[PDB]
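Asks: Got a structure here, written out as structure tokens. Questions coming.
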Amino acid sequence: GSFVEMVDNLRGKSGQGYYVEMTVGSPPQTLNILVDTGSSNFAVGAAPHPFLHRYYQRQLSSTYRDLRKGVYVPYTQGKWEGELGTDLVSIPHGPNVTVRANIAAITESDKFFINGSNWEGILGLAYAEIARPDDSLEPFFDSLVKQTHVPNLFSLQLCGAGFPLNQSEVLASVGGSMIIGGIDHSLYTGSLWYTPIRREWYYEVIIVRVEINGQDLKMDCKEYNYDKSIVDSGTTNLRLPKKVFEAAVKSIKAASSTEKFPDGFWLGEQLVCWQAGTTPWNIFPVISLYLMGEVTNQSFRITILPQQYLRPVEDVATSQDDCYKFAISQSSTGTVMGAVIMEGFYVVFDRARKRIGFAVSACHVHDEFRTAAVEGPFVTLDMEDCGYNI
Ligand SMILES: CN1C(=N)NC(c2ccccc2)(c2ccccc2)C1=O
């Protein structure tokens, strides 16, 4: 492990997000910032909000520069709005550099901040193409690489605890690592396998085959990537296109048929509980996603356990039962490999070589009988046809 200063610099959990400490302005203002590979703006709370105990105070920063431009960011379940500017930014448990970066000072929001998440802003790590208002607003990572000698690569080890963390525990617990400019070999086991970044906007990838307990879902592979497949630390669940979700849920139900679960469970709305320590992991299947390899006609697979796709939640009665929600849900916007999937792996965002690496995480939750896996190669034909075109 050659990046000790950055190891264990994340906190949080899949449901509320994983965050890294950052500083903004002169003198430095410390904020906790959501690590989001699914967006491209660096945006921070800059006005009082009921869910924020701190926020960016531009009037207190001598290095603040006003860009005299507003930004309006609506998304499916809410929105944020703010004022654009630039300031000096650092990552205390990061590279030892300070950069001048764009900052959207959030002045108004709806269902953006999450009560008790402990973060006050978001770090959009994807590409300029999806930055708001447009691609002229340089993302943080682009600024960092341009201004310093930091290599154009970052890697994420998101560590799910495998059980619920209360308010005190989640603040005191290590949630993982964000390695800026490198790969830390202590964070994974086995080999790193790489899939191409199809296009630089979201971190888009191509899924070529899906299995549930080794059984091929047998859908036309274009369905798996309709209308895109992305790697997103800012999404909790593994989200699948409607038809893929319907086929996967049918297969997962069939594999786990020895126990009947309510419709609300499969809809990802309701929790299910078992007496302490009796979760029947073995009845649930493993899920393998095959990804396009770097070599022509070659693929590899990543395999997750129910310890990844069943998200630990506290019981309504804070009982001694072990409870979970089903963290696979449908999408009308393509596949999303969210935090519950990323929790199984060390994920290398190799922007320099336009590729994403996956290896079994040193912190993935498993049992004595099964582990997550990253394996290959497999001979896979016409993988280009798996990609969707509008
Ligand atoms: C799926 N997803 C995401 N990865 N980041 C969010 C986002 C952020 C900025 C602009 C559009 C979407 C997000 C993250 C945290 C809270 C709210 C929204 C979002 O909705």
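In the structure tokens, chains take letters A, B, ... by order of appearance, with residues numbered from 1 within each chain and ligands from 1 in the order shown.
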Leaving out stretch 355-370 of chain A and any residue of its chain fewer than 6 positions from it, which residues lie within 6 Å of it when counting only C-alpha atoms, given as a compact mmCIF listing (two decimals) with N, CA, C and O atoms, in the first residue's frame?
Replies:
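Final output, saved to part.txt:
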# COMPACT_ATOMS: atom_id res chain seq x y z
N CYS A 159 -16.60 0.95 1.58
CA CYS A 159 -16.74 -0.14 2.55
C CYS A 159 -18.06 -0.15 3.29
O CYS A 159 -18.25 0.61 4.25
N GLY A 162 -21.92 -4.04 6.55
CA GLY A 162 -22.61 -5.34 6.57
C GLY A 162 -23.67 -5.43 7.66
O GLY A 162 -24.35 -6.45 7.83
N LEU A 187 -5.77 -2.38 -0.92
CA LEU A 187 -7.24 -2.28 -0.90
C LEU A 187 -7.99 -3.36 -1.63
O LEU A 187 -9.23 -3.38 -1.59
N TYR A 188 -7.26 -4.27 -2.26
CA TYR A 188 -7.91 -5.34 -3.02
C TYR A 188 -7.12 -6.65 -2.96
O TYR A 188 -5.95 -6.67 -2.57
N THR A 189 -7.77 -7.73 -3.37
CA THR A 189 -7.13 -9.05 -3.50
C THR A 189 -7.29 -9.50 -4.96
O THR A 189 -8.13 -8.96 -5.68
N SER A 191 -6.53 -10.03 -8.99
CA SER A 191 -6.11 -9.12 -10.05
C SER A 191 -7.12 -8.04 -10.37
O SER A 191 -8.31 -8.23 -10.16
N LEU A 192 -6.62 -6.93 -10.93
CA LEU A 192 -7.46 -5.87 -11.45
C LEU A 192 -7.78 -6.25 -12.90
O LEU A 192 -6.86 -6.57 -13.66
N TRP A 193 -9.07 -6.22 -13.28
CA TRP A 193 -9.52 -6.44 -14.66
C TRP A 193 -10.12 -5.14 -15.14
O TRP A 193 -10.87 -4.48 -14.39
N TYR A 194 -9.79 -4.75 -16.37
CA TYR A 194 -10.22 -3.46 -16.90
C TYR A 194 -11.24 -3.55 -18.02
O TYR A 194 -11.12 -4.39 -18.93
N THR A 195 -12.23 -2.65 -17.95
CA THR A 195 -13.25 -2.51 -18.99
C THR A 195 -13.08 -1.12 -19.63
O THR A 195 -12.79 -0.16 -18.91
N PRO A 196 -13.26 -0.97 -20.96
CA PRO A 196 -13.12 0.37 -21.55
C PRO A 196 -14.20 1.34 -21.07
O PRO A 196 -15.32 0.94 -20.76
N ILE A 197 -13.85 2.63 -20.99
CA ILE A 197 -14.82 3.69 -20.76
C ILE A 197 -15.31 3.95 -22.20
O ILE A 197 -14.54 4.37 -23.06
N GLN A 307 -24.75 -10.25 0.28
CA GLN A 307 -24.17 -9.31 1.27
C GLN A 307 -23.94 -7.93 0.67
O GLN A 307 -23.85 -6.94 1.42
N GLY A 344 -18.51 -4.13 -3.25
CA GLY A 344 -17.86 -5.43 -3.41
C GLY A 344 -16.46 -5.34 -3.98
O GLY A 344 -15.68 -6.29 -3.88
N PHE A 345 -16.13 -4.17 -4.58
CA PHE A 345 -14.92 -4.02 -5.36
C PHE A 345 -14.10 -2.78 -5.10
O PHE A 345 -14.62 -1.75 -4.67
N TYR A 346 -12.82 -2.88 -5.46
CA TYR A 346 -11.94 -1.72 -5.50
C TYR A 346 -12.09 -1.30 -6.97
O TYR A 346 -11.94 -2.15 -7.86
N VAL A 347 -12.48 -0.04 -7.20
CA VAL A 347 -12.80 0.43 -8.55
C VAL A 347 -11.83 1.54 -8.95
O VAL A 347 -11.76 2.56 -8.28
N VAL A 348 -11.10 1.30 -10.03
CA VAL A 348 -10.07 2.20 -10.55
C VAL A 348 -10.63 2.99 -11.73
O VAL A 348 -10.95 2.41 -12.76
N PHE A 349 -10.73 4.31 -11.57
CA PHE A 349 -11.22 5.20 -12.62
C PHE A 349 -9.98 5.74 -13.34
O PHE A 349 -9.43 6.79 -12.98
Asks: Write down as number ranges by chain the residues of stretch 184-346 of chain A whose backbone DSSP state falls under alpha helix (DSSP H).
Replies: A: 242-255, 263-266, 306-309, 339-342
Asks: Counting only C-alpha atoms and all ligand atoms, which protein, DNA or RNA residues come within 10 Å of ligand 1, given as a PDB file with C-alpha atoms, in the first residue's frame?
Replies:
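The resulting file, selection30.pdb, is reproduced below:
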ATOM      1  CA  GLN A  16     -26.696   8.284   2.460  1.00  0.00           C
ATOM      2  CA  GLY A  17     -23.503   8.401   0.398  1.00  0.00           C
ATOM      3  CA  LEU A  34     -20.140  13.517  -1.227  1.00  0.00           C
ATOM      4  CA  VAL A  35     -17.978  11.490  -3.671  1.00  0.00           C
ATOM      5  CA  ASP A  36     -20.158  11.355  -6.832  1.00  0.00           C
ATOM      6  CA  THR A  37     -18.952   9.596  -9.981  1.00  0.00           C
ATOM      7  CA  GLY A  38     -22.442  10.215 -11.508  1.00  0.00           C
ATOM      8  CA  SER A  39     -22.212  14.047 -11.854  1.00  0.00           C
ATOM      9  CA  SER A  40     -19.560  16.672 -12.760  1.00  0.00           C
ATOM     10  CA  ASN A  41     -20.052  19.784 -10.574  1.00  0.00           C
ATOM     11  CA  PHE A  42     -18.315  20.662  -7.329  1.00  0.00           C
ATOM     12  CA  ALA A  43     -21.234  22.229  -5.393  1.00  0.00           C
ATOM     13  CA  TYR A  72     -29.959  25.582 -11.987  1.00  0.00           C
ATOM     14  CA  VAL A  73     -29.652  21.830 -11.541  1.00  0.00           C
ATOM     15  CA  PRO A  74     -32.937  19.867 -11.588  1.00  0.00           C
ATOM     16  CA  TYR A  75     -32.766  16.073 -11.295  1.00  0.00           C
ATOM     17  CA  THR A  76     -35.402  13.295 -11.027  1.00  0.00           C
ATOM     18  CA  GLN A  77     -36.176  13.613  -7.321  1.00  0.00           C
ATOM     19  CA  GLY A  78     -35.190  17.210  -6.580  1.00  0.00           C
ATOM     20  CA  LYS A  79     -32.940  20.118  -7.478  1.00  0.00           C
ATOM     21  CA  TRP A  80     -30.293  22.526  -6.397  1.00  0.00           C
ATOM     22  CA  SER A 109     -32.353  23.230  -2.873  1.00  0.00           C
ATOM     23  CA  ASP A 110     -35.150  20.671  -2.740  1.00  0.00           C
ATOM     24  CA  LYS A 111     -34.518  17.069  -1.564  1.00  0.00           C
ATOM     25  CA  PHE A 112     -30.733  17.507  -2.101  1.00  0.00           C
ATOM     26  CA  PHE A 113     -29.217  17.578   1.415  1.00  0.00           C
ATOM     27  CA  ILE A 114     -29.953  14.450   3.492  1.00  0.00           C
ATOM     28  CA  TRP A 119     -22.020  15.964   4.084  1.00  0.00           C
ATOM     29  CA  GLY A 121     -21.611  19.397  -0.657  1.00  0.00           C
ATOM     30  CA  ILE A 122     -20.945  17.162  -3.653  1.00  0.00           C
ATOM     31  CA  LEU A 123     -17.827  16.357  -5.669  1.00  0.00           C
ATOM     32  CA  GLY A 124     -18.892  15.498  -9.204  1.00  0.00           C
ATOM     33  CA  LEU A 125     -16.069  13.314 -10.578  1.00  0.00           C
ATOM     34  CA  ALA A 126     -17.494  12.575 -14.055  1.00  0.00           C
ATOM     35  CA  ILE A 130     -22.407  16.553 -18.232  1.00  0.00           C
ATOM     36  CA  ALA A 131     -21.327  19.557 -16.127  1.00  0.00           C
ATOM     37  CA  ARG A 132     -23.970  22.254 -15.503  1.00  0.00           C
ATOM     38  CA  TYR A 202     -20.771   9.571 -17.287  1.00  0.00           C
ATOM     39  CA  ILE A 230     -22.707   3.637 -15.779  1.00  0.00           C
ATOM     40  CA  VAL A 231     -20.616   3.316 -12.545  1.00  0.00           C
ATOM     41  CA  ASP A 232     -22.110   5.718  -9.989  1.00  0.00           C
ATOM     42  CA  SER A 233     -21.034   6.136  -6.335  1.00  0.00           C
ATOM     43  CA  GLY A 234     -23.887   8.712  -6.015  1.00  0.00           C
ATOM     44  CA  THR A 235     -26.610   6.040  -6.540  1.00  0.00           C
ATOM     45  CA  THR A 236     -27.325   3.588  -3.706  1.00  0.00           C
ATOM     46  CA  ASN A 237     -28.738   0.631  -5.647  1.00  0.00           C
ATOM     47  CA  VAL A 336     -26.521   2.080 -12.741  1.00  0.00           C
ATOM     48  CA  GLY A 338     -24.376   2.047  -7.570  1.00  0.00           C
ATOM     49  CA  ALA A 339     -22.744   2.006  -4.143  1.00  0.00           C
TER      50      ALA A 339
END
Asks: Could you pull out the strand (DSSP E) residues of stretch 108-274 of chain A, going by DSSP on the backbone, and write them as a ChimeraX atom specification?
Replies: /A:108-110,121-124,154-158,176-180,188-196,204-205,207-212,215-216,229-231,238-241,272-274
Asks: Can I get the selection written as a tab-separated table (two decimals), in the first residue's frame, with N, CA and C atoms?
Replies:
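Output (result.tsv):
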chain	number	residue	atom	x	y	z
A	108	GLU	N	-30.24	27.53	-2.84
A	108	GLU	CA	-31.59	26.95	-2.72
A	108	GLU	C	-31.56	25.51	-3.19
A	109	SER	N	-32.32	24.65	-2.52
A	109	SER	CA	-32.35	23.23	-2.87
A	109	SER	C	-33.64	22.56	-2.43
A	110	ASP	N	-33.97	21.46	-3.09
A	110	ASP	CA	-35.15	20.67	-2.74
A	110	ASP	C	-34.76	19.20	-2.84
A	121	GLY	N	-21.82	19.11	0.76
A	121	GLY	CA	-21.61	19.40	-0.66
A	121	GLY	C	-21.33	18.13	-1.44
A	122	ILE	N	-21.16	18.29	-2.75
A	122	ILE	CA	-20.94	17.16	-3.65
A	122	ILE	C	-19.74	17.39	-4.55
A	123	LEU	N	-18.99	16.31	-4.80
A	123	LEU	CA	-17.83	16.36	-5.67
A	123	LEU	C	-18.14	15.51	-6.88
A	124	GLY	N	-18.57	16.18	-7.96
A	124	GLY	CA	-18.89	15.50	-9.20
A	124	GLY	C	-17.61	15.13	-9.93
A	154	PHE	N	-8.13	8.07	-10.42
A	154	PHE	CA	-8.49	7.99	-9.02
A	154	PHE	C	-9.10	6.62	-8.82
A	155	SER	N	-9.15	6.17	-7.58
A	155	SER	CA	-9.70	4.85	-7.31
A	155	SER	C	-10.53	4.91	-6.03
A	156	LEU	N	-11.61	4.10	-5.96
A	156	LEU	CA	-12.54	4.12	-4.82
A	156	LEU	C	-12.72	2.76	-4.20
A	157	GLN	N	-12.57	2.68	-2.88
A	157	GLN	CA	-12.86	1.48	-2.12
A	157	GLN	C	-14.00	1.92	-1.18
A	158	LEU	N	-15.26	1.60	-1.50
A	158	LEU	CA	-16.40	1.95	-0.65
A	158	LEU	C	-16.64	0.74	0.27
A	176	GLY	N	-14.12	3.83	3.95
A	176	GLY	CA	-13.40	3.46	2.73
A	176	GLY	C	-12.30	4.41	2.33
A	177	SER	N	-11.88	4.33	1.06
A	177	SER	CA	-10.77	5.16	0.60
A	177	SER	C	-11.00	5.72	-0.76
A	178	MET	N	-10.57	6.95	-0.95
A	178	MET	CA	-10.53	7.54	-2.28
A	178	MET	C	-9.06	7.86	-2.52
A	179	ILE	N	-8.42	7.11	-3.43
A	179	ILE	CA	-7.01	7.32	-3.73
A	179	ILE	C	-6.91	8.23	-4.94
A	180	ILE	N	-6.39	9.46	-4.72
A	180	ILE	CA	-6.28	10.47	-5.77
A	180	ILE	C	-4.92	10.39	-6.43
A	188	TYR	N	-7.26	-4.27	-2.26
A	188	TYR	CA	-7.91	-5.34	-3.02
A	188	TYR	C	-7.12	-6.65	-2.96
A	189	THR	N	-7.77	-7.73	-3.37
A	189	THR	CA	-7.13	-9.05	-3.50
A	189	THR	C	-7.29	-9.50	-4.96
A	190	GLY	N	-6.45	-10.44	-5.38
A	190	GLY	CA	-6.50	-10.95	-6.74
A	190	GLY	C	-6.06	-9.91	-7.75
A	191	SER	N	-6.53	-10.03	-8.99
A	191	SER	CA	-6.11	-9.12	-10.05
A	191	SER	C	-7.12	-8.04	-10.37
A	192	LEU	N	-6.62	-6.93	-10.93
A	192	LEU	CA	-7.46	-5.87	-11.45
A	192	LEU	C	-7.78	-6.25	-12.90
A	193	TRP	N	-9.07	-6.22	-13.28
A	193	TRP	CA	-9.52	-6.44	-14.66
A	193	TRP	C	-10.12	-5.14	-15.14
A	194	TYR	N	-9.79	-4.75	-16.37
A	194	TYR	CA	-10.22	-3.46	-16.90
A	194	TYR	C	-11.24	-3.55	-18.02
A	195	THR	N	-12.23	-2.65	-17.95
A	195	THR	CA	-13.25	-2.51	-18.99
A	195	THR	C	-13.08	-1.12	-19.63
A	196	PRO	N	-13.26	-0.97	-20.96
A	196	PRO	CA	-13.12	0.37	-21.55
A	196	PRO	C	-14.20	1.34	-21.07
A	204	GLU	N	-19.31	5.56	-18.47
A	204	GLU	CA	-20.09	4.58	-19.21
A	204	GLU	C	-19.29	3.31	-19.56
A	205	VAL	N	-19.92	2.15	-19.34
A	205	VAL	CA	-19.32	0.86	-19.61
A	205	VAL	C	-20.30	0.00	-20.40
A	207	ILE	N	-22.01	-3.87	-20.51
A	207	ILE	CA	-22.28	-5.19	-19.90
A	207	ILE	C	-22.61	-6.15	-21.06
A	208	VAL	N	-21.96	-7.32	-21.09
A	208	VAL	CA	-22.15	-8.26	-22.22
A	208	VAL	C	-22.92	-9.54	-21.90
A	209	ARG	N	-23.10	-9.82	-20.62
A	209	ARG	CA	-23.81	-11.02	-20.16
A	209	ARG	C	-24.14	-10.83	-18.69
A	210	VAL	N	-25.27	-11.40	-18.28
A	210	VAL	CA	-25.67	-11.37	-16.88
A	210	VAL	C	-26.03	-12.79	-16.46
A	211	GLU	N	-25.57	-13.21	-15.26
A	211	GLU	CA	-25.92	-14.51	-14.69
A	211	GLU	C	-26.46	-14.34	-13.28
A	212	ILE	N	-27.38	-15.21	-12.90
A	212	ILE	CA	-27.90	-15.31	-11.54
A	212	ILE	C	-27.55	-16.74	-11.11
A	215	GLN	N	-26.69	-19.01	-13.89
A	215	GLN	CA	-27.70	-19.18	-14.94
A	215	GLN	C	-27.77	-17.91	-15.77
A	216	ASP	N	-27.56	-18.06	-17.09
A	216	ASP	CA	-27.57	-16.93	-18.00
A	216	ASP	C	-28.98	-16.32	-18.06
A	229	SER	N	-24.99	2.15	-19.55
A	229	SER	CA	-24.64	1.50	-18.28
A	229	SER	C	-23.52	2.34	-17.69
A	230	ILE	N	-23.68	2.76	-16.43
A	230	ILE	CA	-22.71	3.64	-15.78
A	230	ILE	C	-22.30	3.12	-14.39
A	231	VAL	N	-21.14	3.61	-13.90
A	231	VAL	CA	-20.62	3.32	-12.54
A	231	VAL	C	-20.83	4.61	-11.77
A	238	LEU	N	-28.15	-1.12	-7.19
A	238	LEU	CA	-27.82	-1.60	-8.52
A	238	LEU	C	-29.15	-1.30	-9.23
A	239	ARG	N	-29.13	-0.43	-10.25
A	239	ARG	CA	-30.40	-0.16	-10.97
A	239	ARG	C	-30.31	-0.78	-12.35
A	240	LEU	N	-31.40	-1.44	-12.78
A	240	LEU	CA	-31.43	-2.13	-14.06
A	240	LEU	C	-32.55	-1.63	-14.94
A	241	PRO	N	-32.37	-1.65	-16.28
A	241	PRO	CA	-33.47	-1.26	-17.18
A	241	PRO	C	-34.69	-2.12	-16.89
A	272	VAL	N	-37.06	-6.62	5.27
A	272	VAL	CA	-37.32	-7.97	5.76
A	272	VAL	C	-36.34	-8.19	6.88
A	273	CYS	N	-36.76	-8.94	7.90
A	273	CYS	CA	-35.94	-9.17	9.09
A	273	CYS	C	-35.85	-10.63	9.39
A	274	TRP	N	-34.70	-11.03	9.98
A	274	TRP	CA	-34.47	-12.36	10.51
A	274	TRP	C	-33.93	-12.24	11.93
Asks: For the atom pair atom CA of residue A:57 and atom CA of residue A:11, what is the interatomic distance in Å to one decimal place?
Replies: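 Rounded to one decimal, the two atoms are 23.8 Å apart.
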Asks: Need the shell around residue A:265: protein/DNA/RNA residues with any atom at most 12 Å away, counting only C-alpha atoms. Skip same-chain ones fewer than 2 positions apart. Format as a list in words?
Replies: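 After dropping sequence-adjacent residues, the list is residues 249, 253, 260, 261, 262, 263, 267, 268, 269, 270, 271, 272, 273, 310, 311, 323, 324, 325, 326, 327, 328 and 329 of chain A.
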Asks: Which residue out of A:62, A:26, A:225, A:186 has the minimum interatomic distance to residue A:386 when only C-alpha atoms are used?
Replies: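 Under the stated criterion, the closest residue is A:225.
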Asks: What's around residue A:298 at 7 Å? Count only C-alpha atoms, leave out sequence neighbours fewer than 2 positions away in its own chain, and write the answer as a PyMOL selection string.
Replies: chain A and resi 292-293+295-296+377-380
Asks: Could you take the residues named above and write them with C-alpha atoms, as a PDB file, in the first residue's frame?
Replies:
ATOM      1  CA  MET A 292     -16.220  -5.920 -22.193  1.00  0.00           C
ATOM      2  CA  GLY A 293     -12.462  -6.506 -21.821  1.00  0.00           C
ATOM      3  CA  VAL A 295      -8.602  -7.291 -25.639  1.00  0.00           C
ATOM      4  CA  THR A 296     -10.724  -7.937 -28.759  1.00  0.00           C
ATOM      5  CA  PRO A 377     -10.881 -13.975 -19.420  1.00  0.00           C
ATOM      6  CA  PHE A 378     -13.900 -15.326 -21.332  1.00  0.00           C
ATOM      7  CA  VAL A 379     -14.259 -15.444 -25.084  1.00  0.00           C
ATOM      8  CA  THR A 380     -17.205 -13.126 -25.981  1.00  0.00           C
TER       9      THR A 380
END
Asks: Please provide the set of residues having any atom within 9 Å of residue A:352, restricted to only C-alpha atoms, with same-chain residues fewer than 2 positions apart removed, written as a PyMOL selection string.
Replies: chain A and resi 151-153+349-350+354-355
Asks: Name the closest residue to residue A:175 among the candidates A:69, A:13, A:218, A:146; distances are taken between atoms, counting only C-alpha atoms.
Replies: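 Checking each of A:69, A:13, A:218, A:146 against residue A:175, counting only C-alpha atoms, the winner is A:13.
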Asks: Near residue A:388, within 9 Å and counting only C-alpha atoms, which residues show up once chain neighbours fewer than 5 positions away are dropped, as a list in words?
Replies: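 Skipping anything fewer than 5 positions along the chain leaves residues 222, 223, 225, 226, 227 and 228 of chain A.
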Asks: Could you save the residues just selected, with N, CA, C and O atoms, as a CSV table (one decimal), in the first residue's frame?
Replies:
chain,number,residue,atom,x,y,z
A,222,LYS,N,-27.9,-5.9,-25.7
A,222,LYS,CA,-28.2,-4.5,-25.9
A,222,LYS,C,-29.2,-4.0,-24.8
A,222,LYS,O,-29.2,-2.9,-24.3
A,223,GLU,N,-30.0,-5.0,-24.3
A,223,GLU,CA,-31.0,-4.7,-23.2
A,223,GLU,C,-30.3,-4.3,-21.9
A,223,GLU,O,-30.8,-3.4,-21.2
A,225,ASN,N,-27.7,-2.6,-21.5
A,225,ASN,CA,-27.1,-1.2,-21.7
A,225,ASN,C,-28.1,-0.2,-22.3
A,225,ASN,O,-27.6,0.8,-22.9
A,226,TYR,N,-29.4,-0.5,-22.1
A,226,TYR,CA,-30.4,0.4,-22.7
A,226,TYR,C,-30.9,1.4,-21.6
A,226,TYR,O,-31.5,0.9,-20.7
A,227,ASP,N,-30.6,2.7,-21.8
A,227,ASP,CA,-29.9,3.4,-22.9
A,227,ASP,C,-28.4,3.6,-22.6
A,227,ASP,O,-27.7,4.1,-23.5
A,228,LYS,N,-27.9,3.2,-21.5
A,228,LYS,CA,-26.5,3.3,-21.1
A,228,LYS,C,-26.2,2.5,-19.9
A,228,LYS,O,-27.2,2.1,-19.2
